[PDB]
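> Take this structure first; my questions come after.
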Amino acid sequence: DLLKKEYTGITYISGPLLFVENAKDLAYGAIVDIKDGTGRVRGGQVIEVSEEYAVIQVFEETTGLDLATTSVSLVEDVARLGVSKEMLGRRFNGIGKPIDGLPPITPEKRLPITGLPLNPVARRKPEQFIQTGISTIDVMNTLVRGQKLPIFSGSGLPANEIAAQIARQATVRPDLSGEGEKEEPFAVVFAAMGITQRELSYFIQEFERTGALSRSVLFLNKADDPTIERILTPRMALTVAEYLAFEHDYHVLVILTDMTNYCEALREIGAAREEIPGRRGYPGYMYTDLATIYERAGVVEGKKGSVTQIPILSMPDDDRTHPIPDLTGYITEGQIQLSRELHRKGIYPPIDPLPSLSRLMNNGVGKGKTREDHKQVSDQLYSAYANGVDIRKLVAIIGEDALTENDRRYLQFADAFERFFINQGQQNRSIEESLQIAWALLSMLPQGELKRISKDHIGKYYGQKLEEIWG
Amino acid sequence: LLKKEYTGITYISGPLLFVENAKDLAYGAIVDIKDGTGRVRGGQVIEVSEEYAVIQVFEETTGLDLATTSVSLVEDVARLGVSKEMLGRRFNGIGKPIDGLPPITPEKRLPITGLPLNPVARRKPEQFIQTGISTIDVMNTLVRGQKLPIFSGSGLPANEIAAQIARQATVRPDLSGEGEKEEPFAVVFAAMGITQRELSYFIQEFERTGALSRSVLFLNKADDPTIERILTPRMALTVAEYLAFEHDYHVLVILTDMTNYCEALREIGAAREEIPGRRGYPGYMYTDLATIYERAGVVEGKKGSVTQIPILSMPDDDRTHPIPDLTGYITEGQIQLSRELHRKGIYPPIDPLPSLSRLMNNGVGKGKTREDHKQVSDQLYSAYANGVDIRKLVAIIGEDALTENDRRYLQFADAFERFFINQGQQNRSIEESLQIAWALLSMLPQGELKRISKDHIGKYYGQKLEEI
Amino acid sequence: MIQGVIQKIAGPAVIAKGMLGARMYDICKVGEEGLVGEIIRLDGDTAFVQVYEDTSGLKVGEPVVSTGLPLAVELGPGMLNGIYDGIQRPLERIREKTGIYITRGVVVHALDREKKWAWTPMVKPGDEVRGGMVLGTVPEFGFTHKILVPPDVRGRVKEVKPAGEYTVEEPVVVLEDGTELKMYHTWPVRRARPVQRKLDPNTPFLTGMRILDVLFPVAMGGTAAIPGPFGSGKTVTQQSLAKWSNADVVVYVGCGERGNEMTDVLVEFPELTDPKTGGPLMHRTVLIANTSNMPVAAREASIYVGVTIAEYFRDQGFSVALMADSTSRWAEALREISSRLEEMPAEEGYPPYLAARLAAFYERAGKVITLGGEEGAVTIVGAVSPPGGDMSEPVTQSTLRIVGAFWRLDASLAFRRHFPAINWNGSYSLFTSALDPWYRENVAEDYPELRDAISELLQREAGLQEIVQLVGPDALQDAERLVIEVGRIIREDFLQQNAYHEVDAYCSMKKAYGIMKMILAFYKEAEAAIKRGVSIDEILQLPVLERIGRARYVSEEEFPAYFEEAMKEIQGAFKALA
Amino acid sequence: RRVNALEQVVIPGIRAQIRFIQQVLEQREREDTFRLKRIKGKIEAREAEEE
Ligand SMILES: Nc1ncnc2c1ncn2[C@@H]1O[C@H](COP(=O)(O)OP(=O)(O)OP(=O)(O)O)[C@@H](O)[C@H]1O
Ligand SMILES: [Mg+2]
């Protein structure tokens with residue numbers, strides 16, 4: 001038409017919802033603009049429709065709205081975001097508007113933010129090993145390109161510093177696999193849900209220090225921003241990441257700051273609609289909603305791009321059985337779990353190796369990729385550490401003097417393992433140095449009890465002294 | 001004044017009943033209900049609308065029908081008539097006399113919900129009260145205008161300690177220097193959910209002591225309706241506030257069992273289908289309890305005072321139950337009894353470690369009790385806590401590892417319990433109690449006694465336990 | 001205006017009809033009595049109003065009038081040295097009017113309209129002014145109160161009142177378009193006040209308590225939470241911070257607590273002395289009181305009023321400290337209001353939007369550059385009183401995700417009277433790293449090293465205590481016995497502090513530094529003496545232990561001489577012994 | 001010594017944990033009962049009253 005239609009029959013405003021009764025023309029899932037009587041425009045999304053009435057959720061706050069003057073206008077039927085290659089180095093808010101003072105982006109394409117599932121035929125196996133520079137991740141919980149590897153954190157634990165260090169130090173090793181020329185740097189897409197000024201300032205300073213803002217795209221949604229806007233931020237971030245990776249052959253690394261806040265907003269919307277709850281408070285469909293976010297990563301046959309995700313989430317009472325960590329561990333391809341007890345002893349990074357897991361480790365290790373002894377060394381380290389922890393629990397009861405020689409050896413191995421292997425500070429370690437330290441630690445035990453390593457590898461590498469590396 | 005009747009009753013369901021066209025019933029009013037047999041029930045209005053009003057009945061709804069039941073009007077604010085002739089009388093939980101004497105003549109009528117006190121109109125509690133119990137008087141002292149409950153278990157003698165506090169309560173004006181002159185003292189006693197045997201015990205004790213002339217008793221037995229339990233403490237507090245802030249009395253209020261009050265509150269809330277709280281209790285229990293406890297205190301420019309001593313029973317022994325937990329957030333301390341001391345025969349079985357009095361610092365010091373009261377109390381607390389820890393260590397490990405100092409701490413702990421806490425029916429003064437406390441501190445080396453001065457001991461030294 | 005009548009009453013919730021045209025979150029006048037209410041729902045021709053006062057005695061058919069404006073406060077001269085109700089009503093005027101009981105329906109002005117203030121102009125006619133600029137100064141109790149343009153105002157000025165005495169409601173500046181600017185302006189309490197930039201906190205917030213200043217610092221412009229069961233010491237800690245901290249203006253919010261805790265502050269504070277100006281302490285303090293037996297719905301308003309006033313004093317260039325007595329009562333108020341609306345609740349009956357409110361409240365704190373160009377900061381310390389005494393209740397968990405420091409109290413330490421009863425094992429602080437450049441230049445160059453040594457000693461004592469409990473203290477070797485005794489000396493003499501002692505209540509940074517130096521020097525000497533073969537009892541019988549124990553009771557003036565004497569005594573005693 | 005340690009320290013802690021877990025589970029069952037009541041009331045309202 002020459003001028004667009006407006007709907008005025010609004011009789012309900014309560015919380016985030018809003019009912020309009022003359023709106024059968026609005027498509028399900030459409031985006032609308034809510035006009036105040038003073039001229040202010042607020043956005044909203046339609047999730048119900050009938051010949052009787054329609055239900056609209058509001059992104060911004062509902063202060064100042066009235067039932068006599070408010071009107072609803074129509075934007076396009078599908079939530080679409082305009083993307084371009086020119087948007088590298090820009091900053092955006094939670095809904096995609098610029099906040100850096102620069103003119104807006106002229107779109108090359110406009111894409112639906114909900115995305116589409118990847119065809120399981122069109123995928124391929126993640127293979128490339130990524131050297132993060134942290135021994136407890138490189139050796140025992142290896143990260144490969146194309147993996148979803150969330151970080152399970154507490155309240156006072158430093159997950160942000162670990163994420164920044166990984167993003168700074170991450171690189172591939174073409175020389176080990178023989179793939180030829182060195183890579184190009186990762187492109188970082190940073191999506192922030194409800195985040196304090198302290199964490200945001202730290203992240204901005206860290207990215208400015210290394211010059212990574214020229215490659216990055218930032219979607220920011222602060223703690224004082226409206227809550228319902230957090231629904232759209234991960235979807236827009238992943239739309240941009242998918243476009244860059246699969247249309248321009250970039251290697252994209254995506255960081256999601258706190259999935260807990262996203263789940264809180266989701267619970268707010270679900271409880272407003274009287275949905276059937278899940279276990280504690282959260283709606284019953286939360287598994288499906290999280291699955292549409294995580295499962296957008298991976299690699300695609302016949303294309304050079306890749307998408308890697310590092311979500312960060314906080315287990316509330318350090319509880320692994322909470323619904324959010326449970327569903328995340330069901331969907332993702334592993335987890336890195338931080339330990340508070342190691343943090344209290346001054347160990348950084350405080351990664352607890354036993355609850356940690358990497359599902360796609362076996363694709364990226366072995367001969368011709370890193371080295372031939374990687375997997376057996378990892379297994380032996382795991383078994384020895386478990387024995388050390390069990391002997392700790394034993395000497396908590398019976399006392400140190402009652403120990404034999406074997407239990408004392410395992411106990412000393414566990415202590416030295418923590419102090420030297422885990423505690424590394426801000427230093428950067430290559431894979432060879434980490435393997436050398438791991439072999440030096442295993443040399444504290446007799447050859448008889450390490451049954452998980454083949455005798456050739458023992459004959460080749462066993463016998464190193466730790467004093468040469470640390471003295 | 002002329003009355004009004006509504007006969008449009010078409011709903012009855014448990015405790016609630018609806019009125020068809022009661023447009024002029026004020027919210028929170030009181031109504032009386034009359035059925036076909038002439039029996040009269042009471043009810044309170046908690047709803048109103050253009051189409052119906054909701055009334056919950058103060059008792060059972062048996063015998064009501066939609067054809068003959070009519071609802072009348074009583075005054076829209078729950079009010080109680082008070083006078084000075086209430087002294088020496090007995091009433092039920094609704095205010096009717098149960099002594100058989102003619103009803104009082106009301107001087108004034110006051111709302112039973114009260115009004116919030118302006119914090120500008122308050123003043124700091126400053127007058128110490130000597131009760132004769134050494135654990136209370138020295139370590140957890142009681143000030144006029146304080147709400148200090150007693151935390152009891154099941155099967156512990158809380159009522160006996162309450163009666164002993166009621167008899168032995170006295171102020172010490174000679175220490176303040178003003179000299180001894182008379183002050184009007186009175187006791188308001190409110191018992192809710194009380195059985196016949198303990199009722200007879202209370203009545204007999206009060207008649208034997210001779211304090212029935214100066215007392216007012218509100219009684220509520222276990223067979224009464226559950227609304228009278230709710231309305232019982234409010235009427236007692238209204239009477240206490242009237243007496244103290246109009247006739248300048250010094251009133252002491254004792255509430256027999258708040259556990260029954262909370263259980264009655266849970267029964268009422270659950271019948272109206274509202275969201276529950278931490279343990280089945282309603283989510284507004286904190287505010288409801290705060291409207292009761294916060295009526296005590298003192299007022300600037302008025303000679304009267306109100307003092308509250310609630311008694312409650314913990315479910316087994318546990319803290320963190322909703323009743324003692326929410327009580328501890330409102331009141332200004334607690335006196336907690338110990339089952340271990342009662343088992344071995346020590347009376348009164350007050351445990352000093354969890355006991356607390358927040359307003360003690362305002363009522364002690366030079367010119368109030370003594371120059372050394374606070375430091376003595378702190379040293380006793382630290383030494384007793386260390387002795388208890390060492391005793392746990394002994395019970396786990398054995399007597400072998402002890403030095404002489406730890407044996408000194410054990411002897412201190414045993415002596416402190418046996419002499420200080422056990423007093424039977426004595427009426428100990430403050431000064432002899434401080435002398436006994438200094439005698440206990442003489443067991444420890446003088447070097448360990450930090451944060452004190454030695455002129456305090458310099459004129460009261462060398463005493464043993466003279467009672468033995 | 002919009003006018004309608006009432007048809008439903010249930011507790012503090014009133015439903016009005018005929019209100020077509022009312023806006024969300026406005027302010028309404030309810031009934032013949034004229035109560036104050038706020039609209040949070042709209043449905044057809046009806047509106048849902050929560051009432052900030054008592055609703056007893058109301059009837060169907062009483063009129064409701066809408067003011068068309070949200071809940072706002074009056075910001076201007078005259079707020080200092082004052083005590084206010086939960087919706088900014090002066091309590092002493094209410095006392096003068098009604099008496100000793102707070103009845104409903106009393107209408108008072110927030111600022112005194114009849115006091116004369118001295119006015120000194122700054123601007124000239126023809127000048128261009130913007131939001132947040134300074135135009136004029138007014139003398140207050142020691143301070144200089146600046147008159148600020150409201151943030152949403154731009155224009156040119158040609159009218160200035162000359163220097164004289166005027167009330168707060170006289171136009172002192174008239175803009176070109178005809179806008180008249182007075183000494184005060186109003187701001188809605190739910191909107192955050194604008195700023196230019198936010199800065200990283202880099203200077204400490206000195207509290208005067210040894211354990212909080214040394215081990216778990218909080219920076220100027222940060223946030224902190226202090227949970228604990230009843231009887232742990234939250235209120236005493238907050239009042240000590242109000243007495244002794246170096247903030248310019250202290251705002252104290254009492255949200256659903258005892259009335260005696262506010263009467264004590266009202267009575268005692270005018271007799272004390274301001275640490276940094278010398279005047280009465282009450283001249284820098286603003287009190288907002290809403291006790292437990294006052295109406296429930298007014299608890300939220302008190303919190304928002306307090307944070308709005310603290311934000312206002314920030315824009316003048318001051319440094320403001322805000323203390324909230326309890327946020328659990330605010331959570332209970334939200335639970336009650338949602339229960340009246342019949343919304344589906346989250347865990348323990350709290351509404352699902354509970355965490356968003358806490359996030360929005362704590363986000364107001366920070367060190368900023370004001371619109372006028374000055375630098376201000378607001379720091380927030382909020383006490384959590386979990387009725388579900390365990391630390392897994394929703395309020396505590398939602399608080400821990402935004403705060404920067406976490407001071408955890410223990411009921412076990414409060415039973416044995418070990419105040420402040422801070423659990424040093426479970427507590428943490430995230431501001432330690434940023435304050436080190438300030439510590440090195442303002443206190444001493446080796447201060448972080450001593451702090452690390454103290455923490456190491458505490459950790460080793462913590463392990464050896466479990467060893468002792470499982471075995472016994474006799475089976476320990478001499479080194480472990482020395483570690484246990486030094487840890488006990490630390491816990492008794494350094495960490496512990498009495499807030500009612502005349503001298504011990506306040507401790508400078510250099511006094512804590514001296515005590516730490518004494519403890520570590522003793523530990524080093526005793527460690528060297530064990531190598532010589534001396535008995536452990538000969539160390540413990542030394543008279544120098546008494547000197548360290550009494551050290552915290554020494555006054556600030558006498559302390560350096562005491563410290564030097566004690567160091568000489570330590571050296572001589574450990575030289576001559578054995 | 002072993003018997004005394006087991007009788008004093010371990011058993012009361014286990015018993016306290018058991019009763020705490022029982023109380024939490026009871027609270028969760030009560031809350032879901034309330035939710036079921038509300039949804040039944042909602043279901044029965046919309047089926048009869050609407051015309
Ligand atoms: N630092 C301290 N120095 C001396 N005494 C203290 C100290 N901290 C607490 N106390 C004592 O313990 C009491 C604790 O009372 P306080 O009001 O501080 O507790 P709270 O944890 O805030 O409780 P509530 O939840 O009831 O408000 C004080 O009244 C005082 O007697
Ligand atoms: Mg307190």
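Residue numbering restarts at 1 in every chain; chains get A, B, ... in the order shown in the structure tokens, and ligands count up from 1 in that same order.
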So that each row is one residue of chain B with an atom at most 12 Å from ligand 2, can you give its shortest atom pair and the distance in Å to one decimal, using only C-alpha atoms and all ligand atoms, rows by chain and rising number, as a Markdown table?

| residue | atom | partner | partner_atom_place_in_ligand_line | distance |
| --- | --- | --- | --- | --- |
| B:328 | CA | ligand 2 | 1 (Mg) | 10.1 |
| B:329 | CA | ligand 2 | 1 (Mg) | 7.7 |
| B:330 | CA | ligand 2 | 1 (Mg) | 8.9 |
| B:331 | CA | ligand 2 | 1 (Mg) | 9.9 |
| B:332 | CA | ligand 2 | 1 (Mg) | 8.9 |
| B:333 | CA | ligand 2 | 1 (Mg) | 10.6 |
| B:358 | CA | ligand 2 | 1 (Mg) | 9.4 |
| B:359 | CA | ligand 2 | 1 (Mg) | 11.7 |
> Would you list the contacts of segment 423-430 of chain C as a list in words, taking every protein, DNA or RNA residue within 6 Å and counting only C-alpha atoms, but skipping same-chain residues closer than 4 positions in sequence?
residues 216, 404, 405, 406, 407, 408, 409 and 410 of chain C
> Output the neighbourhood of ligand 1 as a ChimeraX atom specification, that is, all protein and nucleic acid residues with some atom at most 8 Å from the ligand, counting only C-alpha atoms and all ligand atoms.
/B:328-332,356-361 /C:228-237,257-258,261,325,385,414,417,419-421,497-500
> Could those residues be written to a file, using N, CA, C and O atoms, as a short mmCIF file (atom, residue, chain, number, x, y, z; two decimals), in the first residue's frame?

data_model
loop_
_atom_site.label_atom_id
_atom_site.label_comp_id
_atom_site.auth_asym_id
_atom_site.auth_seq_id
_atom_site.Cartn_x
_atom_site.Cartn_y
_atom_site.Cartn_z
N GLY B 328 14.12 -15.08 65.41
CA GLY B 328 15.43 -14.51 65.68
C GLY B 328 15.74 -13.29 64.84
O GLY B 328 16.58 -12.47 65.23
N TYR B 329 15.08 -13.14 63.69
CA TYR B 329 15.32 -11.97 62.86
C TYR B 329 14.59 -10.73 63.36
O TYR B 329 14.94 -9.62 62.95
N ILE B 330 13.59 -10.88 64.21
CA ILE B 330 12.79 -9.75 64.67
C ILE B 330 13.16 -9.34 66.09
O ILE B 330 13.31 -8.15 66.37
N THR B 331 13.31 -10.30 66.99
CA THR B 331 13.56 -9.98 68.39
C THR B 331 15.00 -9.52 68.59
O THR B 331 15.83 -9.56 67.67
N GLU B 332 15.31 -9.08 69.80
CA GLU B 332 16.62 -8.53 70.13
C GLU B 332 17.47 -9.50 70.94
O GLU B 332 18.23 -9.06 71.81
N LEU B 356 21.92 -14.86 73.69
CA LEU B 356 22.38 -13.57 73.21
C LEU B 356 21.42 -12.48 73.67
O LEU B 356 20.21 -12.70 73.75
N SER B 357 21.97 -11.31 73.97
CA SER B 357 21.19 -10.12 74.26
C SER B 357 21.87 -8.93 73.60
O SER B 357 22.99 -8.57 73.97
N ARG B 358 21.20 -8.33 72.62
CA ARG B 358 21.81 -7.27 71.84
C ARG B 358 21.85 -5.94 72.59
O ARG B 358 22.79 -5.16 72.41
N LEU B 359 20.85 -5.66 73.43
CA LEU B 359 20.78 -4.38 74.11
C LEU B 359 21.55 -4.35 75.42
O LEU B 359 21.30 -3.48 76.25
N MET B 360 22.49 -5.28 75.64
CA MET B 360 23.21 -5.32 76.90
C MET B 360 24.15 -4.14 77.04
O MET B 360 24.34 -3.60 78.14
N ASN B 361 24.76 -3.71 75.93
CA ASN B 361 25.77 -2.65 75.99
C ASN B 361 25.17 -1.32 76.40
O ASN B 361 25.88 -0.47 76.96
N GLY C 228 24.64 -13.87 55.95
CA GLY C 228 24.86 -14.50 57.23
C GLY C 228 23.57 -14.70 57.99
O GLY C 228 22.59 -13.97 57.79
N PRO C 229 23.53 -15.69 58.88
CA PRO C 229 22.32 -15.94 59.66
C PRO C 229 22.10 -14.83 60.68
O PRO C 229 22.88 -13.89 60.81
N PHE C 230 21.00 -14.96 61.42
CA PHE C 230 20.67 -13.94 62.42
C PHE C 230 21.66 -14.00 63.58
O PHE C 230 22.03 -15.08 64.05
N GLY C 231 22.10 -12.83 64.02
CA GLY C 231 23.08 -12.75 65.09
C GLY C 231 24.52 -12.85 64.66
O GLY C 231 25.38 -13.11 65.50
N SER C 232 24.82 -12.64 63.38
CA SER C 232 26.19 -12.77 62.89
C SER C 232 26.96 -11.46 62.90
O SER C 232 28.19 -11.49 62.98
N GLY C 233 26.28 -10.32 62.82
CA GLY C 233 26.95 -9.04 62.85
C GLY C 233 26.88 -8.21 61.59
O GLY C 233 27.82 -7.47 61.31
N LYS C 234 25.79 -8.31 60.82
CA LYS C 234 25.67 -7.50 59.61
C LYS C 234 25.42 -6.03 59.95
O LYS C 234 26.07 -5.13 59.40
N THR C 235 24.48 -5.78 60.86
CA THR C 235 24.09 -4.41 61.17
C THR C 235 25.21 -3.65 61.86
O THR C 235 25.42 -2.46 61.57
N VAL C 236 25.93 -4.30 62.76
CA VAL C 236 27.05 -3.65 63.43
C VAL C 236 28.15 -3.31 62.44
O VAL C 236 28.75 -2.23 62.51
N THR C 237 28.43 -4.22 61.50
CA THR C 237 29.43 -3.94 60.47
C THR C 237 29.02 -2.76 59.60
O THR C 237 29.83 -1.88 59.30
N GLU C 257 13.52 -3.63 58.72
CA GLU C 257 14.28 -4.05 59.89
C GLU C 257 13.69 -3.43 61.15
O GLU C 257 12.62 -2.82 61.12
N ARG C 258 14.39 -3.61 62.26
CA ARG C 258 13.90 -3.14 63.55
C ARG C 258 13.91 -1.61 63.61
O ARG C 258 14.75 -0.95 63.00
N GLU C 261 17.03 -0.21 65.67
CA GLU C 261 18.28 -0.06 64.93
C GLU C 261 18.35 1.28 64.21
O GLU C 261 19.43 1.75 63.85
N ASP C 325 20.16 -2.30 54.34
CA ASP C 325 20.11 -3.15 55.52
C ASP C 325 19.73 -4.58 55.21
O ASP C 325 20.29 -5.50 55.82
N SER C 385 19.91 -11.50 54.21
CA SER C 385 19.48 -12.23 55.40
C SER C 385 18.64 -13.42 54.97
O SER C 385 17.41 -13.33 54.92
N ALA C 414 30.29 -16.74 65.55
CA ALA C 414 29.49 -15.80 66.33
C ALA C 414 29.10 -16.40 67.67
O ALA C 414 28.84 -15.66 68.63
N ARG C 417 31.76 -15.82 70.17
CA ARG C 417 32.02 -14.38 70.24
C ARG C 417 33.31 -13.98 69.54
O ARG C 417 34.08 -13.16 70.06
N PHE C 419 33.84 -12.02 66.88
CA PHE C 419 33.45 -10.99 65.92
C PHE C 419 34.70 -10.39 65.28
O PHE C 419 35.73 -10.26 65.94
N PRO C 420 34.64 -9.99 64.00
CA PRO C 420 33.48 -9.85 63.08
C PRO C 420 32.88 -11.13 62.51
O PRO C 420 31.96 -11.02 61.70
N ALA C 421 33.35 -12.32 62.88
CA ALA C 421 32.80 -13.60 62.43
C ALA C 421 32.85 -13.77 60.92
O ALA C 421 31.98 -14.42 60.34
N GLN C 497 38.37 -7.98 66.23
CA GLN C 497 38.24 -6.54 66.46
C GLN C 497 36.92 -6.26 67.17
O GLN C 497 35.88 -6.78 66.76
N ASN C 498 36.98 -5.44 68.21
CA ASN C 498 35.80 -5.07 68.99
C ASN C 498 35.29 -3.72 68.52
O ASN C 498 36.03 -2.73 68.55
N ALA C 499 34.03 -3.67 68.10
CA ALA C 499 33.46 -2.44 67.57
C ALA C 499 32.93 -1.50 68.64
O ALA C 499 32.56 -0.37 68.32
N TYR C 500 32.89 -1.94 69.90
CA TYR C 500 32.40 -1.11 70.99
C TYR C 500 33.51 -0.63 71.91
O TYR C 500 33.24 0.16 72.82
#
> Determine which residues of chain B sit within 10 Å of chain D, taking into account only C-alpha atoms, and present them as a ChimeraX atom specification.
/B:273-280,392,395-398
> Can I get the selection written as a PDB file, in the first residue's frame, with N, CA and C atoms?

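Result file follows (again20.pdb):
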ATOM      1  N   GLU B 273      -6.159 -21.233  49.966  1.00  0.00           N
ATOM      2  CA  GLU B 273      -5.514 -21.648  48.716  1.00  0.00           C
ATOM      3  C   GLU B 273      -4.576 -20.558  48.183  1.00  0.00           C
ATOM      4  N   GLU B 274      -3.525 -20.312  48.960  1.00  0.00           N
ATOM      5  CA  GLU B 274      -2.474 -19.385  48.572  1.00  0.00           C
ATOM      6  C   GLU B 274      -1.136 -20.108  48.617  1.00  0.00           C
ATOM      7  N   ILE B 275      -0.128 -19.494  48.004  1.00  0.00           N
ATOM      8  CA  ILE B 275       1.167 -20.152  47.775  1.00  0.00           C
ATOM      9  C   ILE B 275       1.850 -20.434  49.112  1.00  0.00           C
ATOM     10  N   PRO B 276       2.455 -21.604  49.304  1.00  0.00           N
ATOM     11  CA  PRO B 276       3.130 -21.890  50.571  1.00  0.00           C
ATOM     12  C   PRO B 276       4.570 -21.401  50.577  1.00  0.00           C
ATOM     13  N   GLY B 277       5.188 -21.512  51.748  1.00  0.00           N
ATOM     14  CA  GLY B 277       6.532 -21.036  51.972  1.00  0.00           C
ATOM     15  C   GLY B 277       7.530 -22.155  52.173  1.00  0.00           C
ATOM     16  N   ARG B 278       8.474 -21.914  53.085  1.00  0.00           N
ATOM     17  CA  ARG B 278       9.630 -22.790  53.235  1.00  0.00           C
ATOM     18  C   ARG B 278       9.261 -24.160  53.789  1.00  0.00           C
ATOM     19  N   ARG B 279       8.276 -24.244  54.686  1.00  0.00           N
ATOM     20  CA  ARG B 279       7.952 -25.535  55.284  1.00  0.00           C
ATOM     21  C   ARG B 279       6.449 -25.750  55.392  1.00  0.00           C
ATOM     22  N   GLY B 280       5.676 -25.181  54.475  1.00  0.00           N
ATOM     23  CA  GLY B 280       4.237 -25.216  54.557  1.00  0.00           C
ATOM     24  C   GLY B 280       3.620 -23.998  55.198  1.00  0.00           C
ATOM     25  N   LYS B 392      35.480 -31.454  74.059  1.00  0.00           N
ATOM     26  CA  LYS B 392      35.199 -32.282  72.885  1.00  0.00           C
ATOM     27  C   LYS B 392      36.445 -33.043  72.448  1.00  0.00           C
ATOM     28  N   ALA B 395      36.961 -35.951  74.832  1.00  0.00           N
ATOM     29  CA  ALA B 395      36.003 -37.031  74.623  1.00  0.00           C
ATOM     30  C   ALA B 395      36.335 -37.835  73.375  1.00  0.00           C
ATOM     31  N   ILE B 396      36.847 -37.179  72.334  1.00  0.00           N
ATOM     32  CA  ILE B 396      37.217 -37.920  71.130  1.00  0.00           C
ATOM     33  C   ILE B 396      38.513 -38.694  71.350  1.00  0.00           C
ATOM     34  N   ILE B 397      39.560 -38.015  71.825  1.00  0.00           N
ATOM     35  CA  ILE B 397      40.890 -38.618  71.831  1.00  0.00           C
ATOM     36  C   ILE B 397      41.169 -39.325  73.152  1.00  0.00           C
ATOM     37  N   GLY B 398      41.087 -38.603  74.262  1.00  0.00           N
ATOM     38  CA  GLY B 398      41.418 -39.147  75.562  1.00  0.00           C
ATOM     39  C   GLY B 398      42.129 -38.136  76.445  1.00  0.00           C
TER      40      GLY B 398
END
> Do you know which residues are at most 9 Å from residue 295 of chain B counting only C-alpha atoms, after dropping those on the same chain fewer than 2 positions away, and could you put them as a list in words?
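Selected residues are residues 114, 115, 116, 117, 237, 238, 241, 290, 291, 292, 293, 297 and 306 of chain B; 293 of chain C.
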> List the neighbours of segment 155-165 of chain A out to 10 Å using only C-alpha atoms; skip same-chain residues closer than 6 positions along the sequence, and give me the result as a PyMOL selection string.
(chain A and resi 132-134+199-200+202-203+206-207+255+257+310-318+337-340+343-344+348-351+426-428) or (chain C and resi 397+400-406+427-430)
> Identify, with DSSP run on backbone atoms, the residues in segment 217-457 of chain A assigned to strand (DSSP E), and express the list as a list in words.
residues 217, 218, 219, 220, 221, 222, 251, 252, 253, 254, 255, 256, 306, 307, 308, 309, 310, 311, 312, 313, 314, 334, 335, 336, 337, 357 and 358 of chain A
> What's around residue 17 of chain B at 9 Å? Count only C-alpha atoms, leave out sequence neighbours fewer than 5 positions away in its own chain, and write the answer as a list in words.
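The residues that qualify are residues 9, 10, 11, 12, 53, 54, 55, 56 and 57 of chain B.
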> Go ahead and save the picked residues with N, CA and C atoms, as a short mmCIF file (atom, residue, chain, number, x, y, z; two decimals), in the first residue's frame.

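Written out: selection00.cif:
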data_model
loop_
_atom_site.label_atom_id
_atom_site.label_comp_id
_atom_site.auth_asym_id
_atom_site.auth_seq_id
_atom_site.Cartn_x
_atom_site.Cartn_y
_atom_site.Cartn_z
N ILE B 9 -27.14 -14.84 50.31
CA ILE B 9 -25.99 -15.71 50.48
C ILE B 9 -26.11 -16.88 49.53
N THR B 10 -25.36 -16.85 48.42
CA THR B 10 -25.39 -18.06 47.60
C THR B 10 -23.95 -18.48 47.28
N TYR B 11 -23.26 -19.00 48.30
CA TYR B 11 -22.12 -19.90 48.19
C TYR B 11 -21.69 -20.25 49.61
N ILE B 12 -21.44 -21.53 49.86
CA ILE B 12 -20.80 -21.97 51.10
C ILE B 12 -19.81 -23.07 50.75
N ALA B 53 -19.03 -10.30 48.01
CA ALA B 53 -18.04 -10.13 49.07
C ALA B 53 -17.81 -11.47 49.76
N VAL B 54 -16.57 -11.71 50.17
CA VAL B 54 -16.17 -12.99 50.74
C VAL B 54 -16.00 -12.83 52.24
N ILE B 55 -16.64 -13.71 53.00
CA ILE B 55 -16.57 -13.71 54.46
C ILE B 55 -16.12 -15.08 54.92
N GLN B 56 -15.06 -15.13 55.72
CA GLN B 56 -14.64 -16.36 56.35
C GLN B 56 -15.16 -16.39 57.78
N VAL B 57 -15.63 -17.55 58.20
CA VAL B 57 -16.33 -17.71 59.47
C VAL B 57 -15.31 -18.03 60.56
#
